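Take a look at the structure set out below.
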There are 2 protein chains.
Amino acid sequence: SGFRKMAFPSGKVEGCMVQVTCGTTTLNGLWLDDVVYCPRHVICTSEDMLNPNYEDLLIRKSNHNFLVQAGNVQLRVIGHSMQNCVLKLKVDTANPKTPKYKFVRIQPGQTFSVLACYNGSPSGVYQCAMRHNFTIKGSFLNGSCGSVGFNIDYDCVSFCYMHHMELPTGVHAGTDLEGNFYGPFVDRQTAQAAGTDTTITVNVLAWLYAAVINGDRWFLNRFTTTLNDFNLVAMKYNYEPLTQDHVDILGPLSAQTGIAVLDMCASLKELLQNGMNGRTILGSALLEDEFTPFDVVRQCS
Amino acid sequence: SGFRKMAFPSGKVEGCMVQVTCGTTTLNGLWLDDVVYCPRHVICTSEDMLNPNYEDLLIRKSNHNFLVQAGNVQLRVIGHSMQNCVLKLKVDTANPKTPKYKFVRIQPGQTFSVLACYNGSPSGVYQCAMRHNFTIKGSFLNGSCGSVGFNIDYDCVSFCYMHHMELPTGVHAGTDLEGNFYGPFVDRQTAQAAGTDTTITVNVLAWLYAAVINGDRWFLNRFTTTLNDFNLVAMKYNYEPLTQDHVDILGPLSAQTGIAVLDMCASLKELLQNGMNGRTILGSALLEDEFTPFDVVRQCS
Ligand SMILES: *C(=N)c1nn(-c2ccc(C(F)(F)F)c(F)c2)c(=O)n(CC(=O)c2ccccn2)c1=O
Ligand SMILES: *C(=N)c1nn(-c2ccc(C(F)(F)F)c(F)c2)c(=O)n(CC(=O)c2ccccn2)c1=O
């Protein structure tokens, strides 16, 4: 029994985190084979940050300005390169600890583990979700840039996220490992608008299912509803619209609980309309939208 | 910015988790040097579980009944031993991956990371807290026994917890690594009472401080209070009494926020008495008691 926000085991990623310094700027990098990856705003400086010309700044740069360190070992930069907003520092030594990996760009609503790092030293691991505004609410202090997000699918590490910046709003933005931001964001010290964050309806329903499997079964209504009717209740409460693909993903959880998706959506409606009246579900007085249906099955089975 | 429940990086513990099987019973063990540690109820069977005589069951046991496997390697049990509720299976091969470690019995209110394992394979990591009833609310499916809780203090792994059982109540009980249960609990399939779980007042105050550092500053009252007066409000709401040792631990967080401990305790009182009125703090509509003052500093600085 039990349901907690759970991150993937982080050992395979710890061995990959190096330090990268440039001028008065130290951040984290990711070392896979002979390439270190890190955010390219490591070559910036104060007066550059408003609208840096990264092409020009990179031309002025000498490998010697690239201080790559793994543990107390210092690595040897044998060249540089810019792929979108990511810098690829090629090196002589290949990482002996390089796991089977791949780069994936994830979709709004998917979750990942974050290994928060400082100075190339792992500090802690926690679970995040890519919101529909392509932000992540995170825990990133100063020096945290270059920390990565990942899933462990089989034995394969699927890197999906590299942290770049905290928006003046207090939420976090970053890129995939090919250097393309999630969202409209650019690596410039300018005010940037994140969109409206809609609640991930399919994640909330997966959680209610986790609740039923862990005992909490008070929210159940014995009513019913239809897609169109629930979705009307969804735009009212800034909930992502539900699709039949969503219903289809929830099916295995439906078969285990004996609870049909539409019957659950009907339970959701009343919590949106009436509320929780001080009751709680899986320890929370709020509806949680950061477990995917896959997360819930991973734990609850 | 940001504050999330964060576990320690788990790599140093992953290398230590083996499989242990006995009869139709498979669970996890912890391999440090030439000793594997695991819960002793691995030698039980169905009819034994109501009141097992572990001495007698262990005498009937032959190393051959102890199937220890790390990865696809199968290890060689060269003897057995019972230390309280823990079984020590000595082996020929010492673990090359054994970190600097120590065994610590933690106090109610302290936190630790749990590496949830199945069949000797790490599945995920999350943060727990030892409650005053010496339970932990966890996420332990079947086969999860032998999973360990730990802190990373310096480079040293401090193992504090080994999971043994889920109480008919839905919460979890276990031992330290010398095999002494936390709490009044025994490894018998009998109904066992956990005590009243009092909220960890010093943890709640550490969180409110984390809130102030992350922007949330609405709960602040501009009132004040005294120990004796707040503690009266604490027994009313089943909150652990506050001591001057508690005030002393909160001091560094006091100096960073410019907020005095008693002024914060006064803010707490009004949230206990009036409530949150639908507002929220660090994302929650509930008061969170599973960050220690040390956890909060670790992240918020
Ligand atoms: C992470 N390592 C980190 N990154 N920045 C930073 C600097 C410049 C840009 C640019 F140019 F816009 F792309 C960024 F996106 C991100 C950074 O400033 N800090 C320090 C920081 O967060 C901070 C905030 C307020 C006051 C002091 N420091 C980083 O740690
Ligand atoms: C963990 N590996 C695990 N442990 N038990 C278990 C068995 C016996 C005792 C004893 F004898 F009381 F000490 C225990 F404390 C714990 C266990 O039963 N399961 C399976 C389980 O949790 C379960 C519950 C309900 C229905 C089916 N299975 C374990 O996984």
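Chain lettering (A, B, ...) mirrors the order of the structure tokens, residue numbering begins at 1 for each chain separately, and ligand numbering begins at 1 in order of display.
Inspection of the environment of ligand 1, which uses only C-alpha atoms and all ligand atoms and a cut-off of 6 Å, identifies the neighbouring residues as residues 27, 41, 49, 142, 143, 144, 145, 164, 165, 187, 188 and 189 of chain A.
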Write the residues of the preceding selection, restricted to N, CA, C and O atoms, as a CSV table (one decimal), in the first residue's frame.
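Result file is part-v4.csv:
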```
chain,number,residue,atom,x,y,z
A,27,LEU,N,28.6,26.1,-13.7
A,27,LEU,CA,27.3,25.3,-13.8
A,27,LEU,C,27.6,23.9,-14.1
A,27,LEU,O,28.7,23.4,-14.3
A,41,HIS,N,24.4,29.6,-22.0
A,41,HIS,CA,24.6,30.9,-21.3
A,41,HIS,C,25.7,30.8,-20.3
A,41,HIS,O,25.8,31.6,-19.4
A,49,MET,N,23.8,39.6,-20.8
A,49,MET,CA,22.6,38.7,-20.6
A,49,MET,C,21.3,39.3,-21.1
A,49,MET,O,20.3,38.6,-21.2
A,142,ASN,N,20.8,28.8,-7.0
A,142,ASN,CA,21.8,29.3,-7.9
A,142,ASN,C,22.9,28.2,-8.1
A,142,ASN,O,23.2,27.5,-7.2
A,143,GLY,N,23.4,28.2,-9.4
A,143,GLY,CA,24.3,27.2,-9.8
A,143,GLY,C,23.6,25.9,-10.3
A,143,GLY,O,24.3,24.9,-10.7
A,144,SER,N,22.3,25.8,-10.2
A,144,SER,CA,21.6,24.5,-10.5
A,144,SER,C,21.6,24.3,-12.0
A,144,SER,O,21.2,23.2,-12.4
A,145,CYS,N,21.9,25.3,-12.9
A,145,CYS,CA,21.8,25.1,-14.3
A,145,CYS,C,22.6,23.9,-14.8
A,145,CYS,O,23.6,23.5,-14.2
A,164,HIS,N,17.7,25.5,-17.7
A,164,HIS,CA,18.4,26.7,-18.1
A,164,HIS,C,18.2,27.9,-17.2
A,164,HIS,O,19.1,28.7,-16.9
A,165,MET,N,16.9,28.1,-16.7
A,165,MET,CA,16.6,29.5,-16.2
A,165,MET,C,15.4,29.4,-15.3
A,165,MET,O,14.5,28.6,-15.5
A,187,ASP,N,16.9,32.1,-24.1
A,187,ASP,CA,17.9,32.3,-23.0
A,187,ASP,C,18.5,33.7,-23.1
A,187,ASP,O,19.6,34.0,-23.6
A,188,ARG,N,17.6,34.7,-22.6
A,188,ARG,CA,17.9,36.1,-22.5
A,188,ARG,C,17.3,36.6,-21.2
A,188,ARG,O,16.2,36.1,-20.8
A,189,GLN,N,18.0,37.5,-20.5
A,189,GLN,CA,17.5,38.1,-19.3
A,189,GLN,C,16.5,39.2,-19.6
A,189,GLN,O,16.8,40.4,-19.5
```
Chain fit, chain A moved to chain B over all Cα pairs in order, as a tab-separated table (two decimals) with C-alpha atoms, in the first residue's frame:
```tsv
chain	number	residue	atom	x	y	z
A	1	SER	CA	13.72	29.20	-6.09
A	2	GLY	CA	11.37	26.32	-5.40
A	3	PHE	CA	10.80	23.82	-2.60
A	4	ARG	CA	9.91	20.19	-3.32
A	5	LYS	CA	10.09	16.95	-1.30
A	6	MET	CA	13.61	15.88	-2.29
A	7	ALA	CA	15.37	12.58	-1.72
A	8	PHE	CA	19.12	12.03	-1.53
A	9	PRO	CA	20.83	10.72	-4.70
A	10	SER	CA	20.47	6.93	-4.54
A	11	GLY	CA	23.41	5.64	-6.58
A	12	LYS	CA	25.55	4.62	-3.62
A	13	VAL	CA	22.66	2.49	-2.28
A	14	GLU	CA	21.58	0.90	-5.60
A	15	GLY	CA	24.81	-1.13	-5.83
A	16	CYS	CA	24.03	-2.69	-2.43
A	17	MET	CA	20.56	-4.14	-3.07
A	18	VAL	CA	20.44	-7.91	-3.66
A	19	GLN	CA	17.63	-10.44	-3.96
A	20	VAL	CA	16.95	-12.99	-1.22
A	21	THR	CA	14.66	-15.97	-1.64
A	22	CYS	CA	13.56	-18.67	0.78
A	23	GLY	CA	10.90	-21.19	-0.18
A	24	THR	CA	8.06	-19.31	-1.87
A	25	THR	CA	9.30	-16.05	-0.27
A	26	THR	CA	11.39	-13.49	-2.19
A	27	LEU	CA	12.47	-10.15	-0.70
A	28	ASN	CA	15.30	-7.63	-0.79
A	29	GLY	CA	18.54	-7.58	1.12
A	30	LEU	CA	21.37	-5.12	1.69
A	31	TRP	CA	24.90	-6.24	0.83
A	32	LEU	CA	27.78	-4.45	2.58
A	33	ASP	CA	31.20	-6.18	2.48
A	34	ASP	CA	30.65	-9.94	3.05
A	35	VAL	CA	27.29	-9.68	4.94
A	36	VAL	CA	23.80	-9.48	3.44
A	37	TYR	CA	21.12	-8.02	5.74
A	38	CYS	CA	17.41	-8.73	5.35
A	39	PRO	CA	14.24	-9.13	7.45
A	40	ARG	CA	14.18	-12.44	9.27
A	41	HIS	CA	10.52	-13.14	8.34
A	42	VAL	CA	11.97	-14.49	5.11
A	43	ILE	CA	12.40	-17.85	6.86
A	44	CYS	CA	8.74	-17.95	7.85
A	45	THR	CA	5.88	-19.62	6.02
A	46	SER	CA	2.10	-19.13	6.04
A	47	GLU	CA	1.25	-21.15	9.16
A	48	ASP	CA	4.30	-19.67	10.90
A	49	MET	CA	3.27	-16.06	10.56
A	50	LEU	CA	0.84	-15.83	13.52
A	51	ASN	CA	3.50	-16.49	16.19
A	52	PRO	CA	6.70	-17.81	14.61
A	53	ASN	CA	9.48	-19.23	16.78
A	54	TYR	CA	12.32	-17.75	14.79
A	55	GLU	CA	15.00	-19.61	16.77
A	56	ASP	CA	13.46	-22.99	15.85
A	57	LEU	CA	12.80	-22.00	12.24
A	58	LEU	CA	16.40	-20.81	11.83
A	59	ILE	CA	17.85	-24.03	13.23
A	60	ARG	CA	15.93	-26.05	10.62
A	61	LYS	CA	17.48	-23.77	7.93
A	62	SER	CA	20.30	-24.65	5.51
A	63	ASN	CA	22.35	-22.04	3.60
A	64	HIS	CA	20.98	-23.81	0.47
A	65	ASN	CA	17.55	-22.40	1.44
A	66	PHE	CA	19.22	-18.92	1.25
A	67	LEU	CA	19.19	-17.94	-2.45
A	68	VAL	CA	21.11	-14.62	-2.57
A	69	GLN	CA	21.31	-12.98	-6.01
A	70	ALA	CA	22.89	-9.69	-7.09
A	71	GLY	CA	21.89	-8.98	-10.65
A	72	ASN	CA	22.16	-12.21	-12.56
A	73	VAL	CA	25.12	-13.25	-10.35
A	74	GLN	CA	24.07	-15.64	-7.57
A	75	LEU	CA	26.10	-15.14	-4.34
A	76	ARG	CA	27.46	-17.85	-1.97
A	77	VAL	CA	25.95	-17.98	1.55
A	78	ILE	CA	28.70	-19.24	3.93
A	79	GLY	CA	26.62	-19.00	7.11
A	80	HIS	CA	23.70	-17.34	8.87
A	81	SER	CA	22.97	-15.43	12.08
A	82	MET	CA	20.09	-13.62	13.79
A	83	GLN	CA	20.57	-10.13	15.23
A	84	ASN	CA	17.20	-9.19	16.72
A	85	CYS	CA	14.71	-9.13	13.78
A	86	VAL	CA	17.42	-9.05	11.11
A	87	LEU	CA	19.15	-11.93	9.45
A	88	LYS	CA	22.90	-11.65	8.63
A	89	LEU	CA	23.83	-13.96	5.68
A	90	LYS	CA	27.64	-13.94	5.46
A	91	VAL	CA	29.06	-14.55	1.97
A	92	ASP	CA	32.41	-15.20	0.26
A	93	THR	CA	32.45	-12.25	-2.17
A	94	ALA	CA	32.60	-8.78	-0.63
A	95	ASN	CA	30.70	-6.12	-2.52
A	96	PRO	CA	33.13	-4.06	-4.65
A	97	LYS	CA	30.49	-1.33	-4.65
A	98	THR	CA	30.32	-1.00	-0.84
A	99	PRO	CA	30.29	2.70	0.12
A	100	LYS	CA	31.47	4.22	3.34
A	101	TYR	CA	28.49	3.45	5.57
A	102	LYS	CA	27.29	3.45	9.16
A	103	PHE	CA	24.21	2.30	11.03
A	104	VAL	CA	22.16	4.94	12.83
A	105	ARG	CA	18.95	4.71	14.80
A	106	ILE	CA	17.03	7.91	14.02
A	107	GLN	CA	14.65	9.87	16.29
A	108	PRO	CA	10.96	10.62	15.74
A	109	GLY	CA	10.79	13.69	13.52
A	110	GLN	CA	13.90	12.92	11.44
A	111	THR	CA	13.63	12.33	7.70
A	112	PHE	CA	15.23	9.79	5.39
A	113	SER	CA	15.21	8.67	1.77
A	114	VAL	CA	13.67	5.31	0.84
A	115	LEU	CA	14.95	3.32	-2.13
A	116	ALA	CA	11.91	1.14	-2.90
A	117	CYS	CA	13.05	-2.20	-4.32
A	118	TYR	CA	11.46	-5.32	-5.83
A	119	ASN	CA	13.39	-8.56	-6.39
A	120	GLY	CA	16.66	-6.79	-5.58
A	121	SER	CA	16.13	-4.20	-8.33
A	122	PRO	CA	15.72	-0.51	-7.33
A	123	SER	CA	12.35	0.90	-8.43
A	124	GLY	CA	12.24	4.45	-7.08
A	125	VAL	CA	13.28	6.83	-4.36
A	126	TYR	CA	11.19	9.07	-2.11
A	127	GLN	CA	11.40	10.95	1.21
A	128	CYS	CA	9.87	9.76	4.49
A	129	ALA	CA	9.79	10.94	8.06
A	130	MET	CA	9.79	8.85	11.26
A	131	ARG	CA	6.58	9.88	12.95
A	132	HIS	CA	6.19	10.10	16.78
A	133	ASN	CA	4.20	6.83	16.66
A	134	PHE	CA	7.34	5.28	15.10
A	135	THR	CA	5.50	4.57	11.85
A	136	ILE	CA	6.28	5.79	8.36
A	137	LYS	CA	3.63	6.42	5.78
A	138	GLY	CA	5.22	4.80	2.77
A	139	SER	CA	4.83	3.26	-0.70
A	140	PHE	CA	5.53	-0.45	-0.25
A	141	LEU	CA	3.84	-3.00	-2.57
A	142	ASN	CA	4.28	-6.74	-2.19
A	143	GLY	CA	7.90	-7.90	-2.28
A	144	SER	CA	9.11	-4.49	-1.05
A	145	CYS	CA	10.50	-5.84	2.24
A	146	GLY	CA	14.22	-5.33	2.76
A	147	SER	CA	14.13	-1.88	1.13
A	148	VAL	CA	16.24	0.55	3.18
A	149	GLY	CA	16.06	4.15	4.32
A	150	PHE	CA	19.21	6.28	4.44
A	151	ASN	CA	20.76	9.72	4.72
A	152	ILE	CA	23.88	10.96	2.92
A	153	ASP	CA	25.59	13.15	5.54
A	154	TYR	CA	29.04	13.72	4.01
A	155	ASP	CA	30.31	10.93	1.71
A	156	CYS	CA	28.99	8.47	4.31
A	157	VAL	CA	25.73	6.54	3.83
A	158	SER	CA	23.80	6.45	7.16
A	159	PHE	CA	21.41	3.53	6.93
A	160	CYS	CA	18.59	4.07	9.41
A	161	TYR	CA	15.66	1.92	8.30
A	162	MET	CA	14.82	-1.49	6.85
A	163	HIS	CA	11.20	-2.09	5.87
A	164	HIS	CA	9.53	-5.17	7.37
A	165	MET	CA	5.75	-4.91	7.29
A	166	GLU	CA	2.58	-2.98	6.56
A	167	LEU	CA	0.29	-2.73	9.57
A	168	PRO	CA	-3.38	-3.66	9.03
A	169	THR	CA	-3.78	0.13	9.42
A	170	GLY	CA	-2.11	0.87	6.02
A	171	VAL	CA	1.06	2.50	7.48
A	172	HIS	CA	4.53	0.92	7.59
A	173	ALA	CA	6.84	-0.36	10.35
A	174	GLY	CA	10.43	-1.52	10.25
A	175	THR	CA	13.74	-1.75	12.09
A	176	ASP	CA	17.11	-0.15	12.30
A	177	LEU	CA	19.95	-2.06	10.65
A	178	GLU	CA	20.70	-3.85	13.94
A	179	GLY	CA	17.18	-5.32	13.79
A	180	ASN	CA	15.36	-3.42	16.54
A	181	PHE	CA	11.95	-2.23	15.50
A	182	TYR	CA	11.10	1.36	15.62
A	183	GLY	CA	8.14	1.37	17.99
A	184	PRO	CA	6.30	-1.35	19.91
A	185	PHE	CA	6.02	-3.53	16.80
A	186	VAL	CA	6.85	-7.22	16.40
A	187	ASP	CA	7.28	-9.29	13.22
A	188	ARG	CA	4.12	-11.38	13.74
A	189	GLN	CA	0.90	-11.40	11.67
A	190	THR	CA	-1.21	-10.06	14.52
A	191	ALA	CA	-3.20	-6.84	14.90
A	192	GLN	CA	-0.88	-4.21	16.40
A	193	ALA	CA	-1.76	-0.72	17.56
A	194	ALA	CA	0.21	2.27	16.42
A	195	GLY	CA	-0.09	5.19	18.79
A	196	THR	CA	-1.51	8.65	18.23
A	197	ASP	CA	0.48	10.47	15.54
A	198	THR	CA	1.27	13.99	16.75
A	199	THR	CA	2.26	16.61	14.19
A	200	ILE	CA	5.97	17.50	14.31
A	201	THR	CA	5.74	21.13	15.34
A	202	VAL	CA	9.38	21.98	14.65
A	203	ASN	CA	9.05	20.54	11.15
A	204	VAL	CA	5.93	22.63	10.41
A	205	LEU	CA	7.72	25.79	11.48
A	206	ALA	CA	10.75	24.97	9.32
A	207	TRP	CA	8.34	24.73	6.36
A	208	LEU	CA	6.68	28.10	7.02
A	209	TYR	CA	10.23	29.49	6.99
A	210	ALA	CA	10.84	27.81	3.63
A	211	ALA	CA	7.58	29.47	2.51
A	212	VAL	CA	8.81	32.96	3.50
A	213	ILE	CA	12.10	32.36	1.59
A	214	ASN	CA	10.12	31.27	-1.51
A	215	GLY	CA	7.72	34.28	-1.46
A	216	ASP	CA	4.65	32.98	0.44
A	217	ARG	CA	4.33	35.51	3.30
A	218	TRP	CA	0.53	35.89	3.82
A	219	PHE	CA	0.37	33.71	6.98
A	220	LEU	CA	2.54	36.24	8.78
A	221	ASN	CA	0.44	37.86	11.59
A	222	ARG	CA	2.50	40.72	13.13
A	223	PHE	CA	1.25	39.27	16.44
A	224	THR	CA	3.37	37.39	18.94
A	225	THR	CA	3.09	34.56	21.49
A	226	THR	CA	4.96	32.68	24.17
A	227	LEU	CA	6.04	29.06	24.46
A	228	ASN	CA	3.55	28.12	27.20
A	229	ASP	CA	0.64	29.85	25.40
A	230	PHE	CA	1.41	28.24	21.97
A	231	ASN	CA	1.91	24.83	23.51
A	232	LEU	CA	-1.64	25.10	24.94
A	233	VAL	CA	-2.79	25.64	21.36
A	234	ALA	CA	-0.61	22.64	20.40
A	235	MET	CA	-2.21	19.97	22.62
A	236	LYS	CA	-5.54	21.22	21.30
A	237	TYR	CA	-4.46	20.29	17.76
A	238	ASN	CA	-2.29	17.26	18.60
A	239	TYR	CA	0.92	19.10	17.87
A	240	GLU	CA	4.16	18.02	19.50
A	241	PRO	CA	5.15	20.47	22.30
A	242	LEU	CA	7.84	23.00	21.51
A	243	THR	CA	11.08	23.24	23.46
A	244	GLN	CA	13.89	25.77	23.62
A	245	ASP	CA	16.04	23.16	21.88
A	246	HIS	CA	13.50	23.45	19.06
A	247	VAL	CA	13.75	27.24	19.13
A	248	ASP	CA	17.55	26.86	19.07
A	249	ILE	CA	17.52	24.65	15.93
A	250	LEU	CA	15.26	27.16	14.14
A	251	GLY	CA	17.71	30.04	14.81
A	252	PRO	CA	19.65	30.01	11.52
A	253	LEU	CA	16.34	30.11	9.61
A	254	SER	CA	15.32	32.96	11.93
A	255	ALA	CA	18.42	34.96	11.05
A	256	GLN	CA	17.89	34.50	7.29
A	257	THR	CA	14.21	35.52	7.22
A	258	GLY	CA	14.45	38.23	9.86
A	259	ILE	CA	11.48	36.42	11.45
A	260	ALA	CA	11.66	35.41	15.07
A	261	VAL	CA	10.65	31.92	16.14
A	262	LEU	CA	7.97	33.15	18.52
A	263	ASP	CA	6.55	35.46	15.86
A	264	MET	CA	6.33	32.43	13.56
A	265	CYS	CA	4.74	30.26	16.26
A	266	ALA	CA	2.16	33.04	16.53
A	267	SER	CA	1.49	32.75	12.79
A	268	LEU	CA	1.12	28.98	13.25
A	269	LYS	CA	-1.50	29.36	16.03
A	270	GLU	CA	-3.83	31.37	13.79
A	271	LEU	CA	-3.58	28.80	11.00
A	272	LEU	CA	-4.45	26.12	13.55
A	273	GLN	CA	-7.33	28.20	14.96
A	274	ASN	CA	-8.74	29.94	11.86
A	275	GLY	CA	-7.34	27.75	9.08
A	276	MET	CA	-6.16	28.58	5.57
A	277	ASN	CA	-9.57	29.84	4.27
A	278	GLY	CA	-8.79	28.23	0.89
A	279	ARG	CA	-5.44	29.94	0.56
A	280	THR	CA	-2.29	27.86	0.03
A	281	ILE	CA	1.35	27.68	1.14
A	282	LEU	CA	4.12	26.20	-1.04
A	283	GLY	CA	1.43	24.60	-3.19
A	284	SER	CA	-0.42	22.86	-0.36
A	285	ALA	CA	-3.73	23.55	1.39
A	286	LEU	CA	-2.42	21.60	4.38
A	287	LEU	CA	0.36	22.08	6.89
A	288	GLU	CA	3.37	19.87	6.05
A	289	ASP	CA	5.37	18.19	8.85
A	290	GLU	CA	7.98	16.16	6.93
A	291	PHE	CA	10.73	18.73	6.35
A	292	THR	CA	13.20	19.11	9.14
A	293	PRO	CA	14.96	22.42	9.74
A	294	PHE	CA	18.00	20.72	8.24
A	295	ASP	CA	16.09	19.68	5.11
A	296	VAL	CA	14.86	23.27	4.62
A	297	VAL	CA	18.38	24.72	4.87
A	298	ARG	CA	19.76	22.00	2.56
A	299	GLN	CA	17.39	23.17	-0.19
A	300	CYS	CA	16.77	26.83	0.57
A	301	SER	CA	20.52	27.53	0.71
```
Just the strand (DSSP E) stuff from region 52-268 of chain A, please, per backbone DSSP, written as a CSV table (one decimal) with C-alpha atoms, in the first residue's frame.
```csv
chain,number,residue,atom,x,y,z
A,67,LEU,CA,37.0,24.3,-17.4
A,68,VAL,CA,35.4,20.8,-17.4
A,69,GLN,CA,35.8,18.9,-14.1
A,70,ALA,CA,34.4,15.4,-13.1
A,73,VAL,CA,39.7,15.0,-12.3
A,74,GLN,CA,39.8,17.9,-14.7
A,77,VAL,CA,38.2,20.1,-23.9
A,78,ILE,CA,39.2,19.3,-27.6
A,79,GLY,CA,36.7,21.6,-29.2
A,82,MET,CA,26.6,25.1,-30.5
A,83,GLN,CA,23.4,23.1,-31.1
A,86,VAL,CA,23.1,23.8,-25.9
A,87,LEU,CA,26.9,23.8,-26.0
A,88,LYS,CA,28.7,20.5,-27.0
A,89,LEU,CA,32.2,20.4,-25.5
A,90,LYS,CA,34.0,17.4,-27.0
A,91,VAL,CA,36.7,15.8,-24.9
A,101,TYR,CA,20.9,6.6,-23.2
A,102,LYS,CA,18.7,8.4,-25.7
A,103,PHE,CA,17.4,11.9,-26.1
A,111,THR,CA,6.6,13.4,-15.9
A,112,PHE,CA,10.3,13.1,-15.3
A,113,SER,CA,12.8,12.8,-12.5
A,114,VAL,CA,15.2,15.8,-11.8
A,115,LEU,CA,18.7,15.2,-10.4
A,116,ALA,CA,19.4,18.6,-8.9
A,117,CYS,CA,23.1,19.3,-9.0
A,118,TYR,CA,25.5,22.0,-7.8
A,121,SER,CA,27.8,17.1,-7.5
A,122,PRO,CA,24.4,15.5,-7.3
A,123,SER,CA,22.3,17.0,-4.4
A,124,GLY,CA,18.9,15.4,-4.6
A,125,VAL,CA,16.3,13.9,-6.9
A,126,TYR,CA,12.6,14.7,-7.2
A,127,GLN,CA,9.7,14.3,-9.7
A,128,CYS,CA,8.4,17.0,-12.1
A,129,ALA,CA,5.8,17.2,-14.8
A,148,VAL,CA,18.9,17.1,-16.2
A,149,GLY,CA,15.5,15.5,-16.2
A,150,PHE,CA,15.2,11.8,-17.2
A,151,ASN,CA,13.1,8.7,-17.3
A,152,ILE,CA,14.3,5.1,-16.9
A,157,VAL,CA,18.1,6.5,-19.7
A,158,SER,CA,15.8,8.8,-21.6
A,159,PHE,CA,17.1,12.3,-21.0
A,160,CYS,CA,14.3,14.8,-21.7
A,161,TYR,CA,15.2,18.1,-19.9
A,162,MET,CA,18.1,20.3,-19.2
A,163,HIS,CA,17.5,23.2,-16.8
A,164,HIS,CA,18.4,26.7,-18.1
A,165,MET,CA,16.6,29.5,-16.2
A,166,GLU,CA,14.1,30.6,-13.6
A,172,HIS,CA,11.5,27.1,-14.4
A,173,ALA,CA,12.2,26.7,-18.2
A,174,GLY,CA,14.7,24.6,-20.0
A,175,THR,CA,15.4,22.6,-23.2
```
Margin query: Among region 120-266 of chain B, which residues does DSSP mark as alpha helix (DSSP H) when it is run on the backbone? Keep the chain and numbering as in the structure and answer as a VMD selection string.
Written below: chain B and resid 201 to 213 227 to 236 244 to 249 251 to 257 261 to 266
